[PDB]
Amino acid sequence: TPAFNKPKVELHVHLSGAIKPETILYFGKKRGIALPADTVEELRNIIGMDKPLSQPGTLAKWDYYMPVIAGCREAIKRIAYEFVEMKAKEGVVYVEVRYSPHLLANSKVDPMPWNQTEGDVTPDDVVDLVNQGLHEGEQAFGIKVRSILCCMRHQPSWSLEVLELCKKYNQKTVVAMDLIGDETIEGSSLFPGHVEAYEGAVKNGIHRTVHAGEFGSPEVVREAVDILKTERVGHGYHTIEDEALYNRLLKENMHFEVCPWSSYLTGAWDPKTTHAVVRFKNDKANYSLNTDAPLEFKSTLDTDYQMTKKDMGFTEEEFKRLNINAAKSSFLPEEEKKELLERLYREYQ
């Protein structure tokens, strides 16, 4: 029985963490690329996670299946299309989906990811093919989807390029820029490539989210807000370790993109402690609930709502309040945001 059988808004989910295992198998076979299993079940057992690992152990799953997907025009469009299909099944009326265009390319990307042979699919092609699948998906399945392009903490040399892509494909599907990767890298938030990309974002009306405070380091959250000028924080559980910063961000109405089930499996949240989202709820903070990587976490949006309802005593009206906040904090042009908001109001009546 679904925890929240009403319209939801999702703001934090990775496209490459939300591929169908049967679709991976299909393209592995078609392209003659090796995979450690030949069935959905076995592939799920390998890439899926039943128990907490860690940041690196989570990220390690991508190497199994990304060679099958990256560099194939047909595959890139299809996962985007199928992303919409499966999200539509989760009672989501509006999704923002994020990815690194560089990680799906096999051309004009230095260094080359996934041990790929140099081909002809550029980062620009990737964004184009994803736009195509998300746009076709939106028409076919009746829900609204927009994209977010990701900078990588360890590759600031790609960030200005991520900004250029955001600018070229503004509103045709891209609404924002993200920053992913290892937040424990000393001063990665300050690398000139990220700093200037995020400065250029402000200048160009490209919206801004940043992964920070997922595993620790409240200072990285402060860096995201004060230096990169982010509008939402991805995760941000460890912001509560600096009470003065958490207090300020509460007053400034900062949005926290919360991924409860993810935080457990990545080991970001120690299960013996109470989840940060409990403080967010009690403080009436601005936050959303999100799947993050449903493939690795074997989850749907209901996983994360079930979790909060059962273990953390979340109510119908808290689920309603946070989805309204997620809408208000969405990266839509004002008029589309009003529409989304008005739809939520009537269905929560």
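We number the residues from 1 along the sequence you see.
When 9 to 17 is weighed against 327 to 335, 327 to 335 comes out higher, by mean CA B-factor as recorded in the entry. Between 242 to 250 and 139 to 147, the higher mean Cα B-factor belongs to 242 to 250. The maximum CA B-factor among the listed residues 292, 316, 304, 296, taken from the PDB record, is found at 316.
Take 59, 66, 322, 40 and read off each C-alpha B-factor from the entry; 40 has the highest.
Ranked within its chain, residue 208 lands in the lowest third, by CA B factor from the PDB record. When the modelled residues of the chain are ordered by C-alpha B-factor, residue 121 sits in the highest third.
In this PDB entry, the Cα temperature factor of residue 273 sits in the top third of its chain's modelled residues, the highest group. Residue 216 sits in the highest third of its chain by CA B factor, as recorded in the PDB entry. Among the modelled residues of its chain, residue 107 has a C-alpha B-factor that falls in the highest third according to the deposited record.
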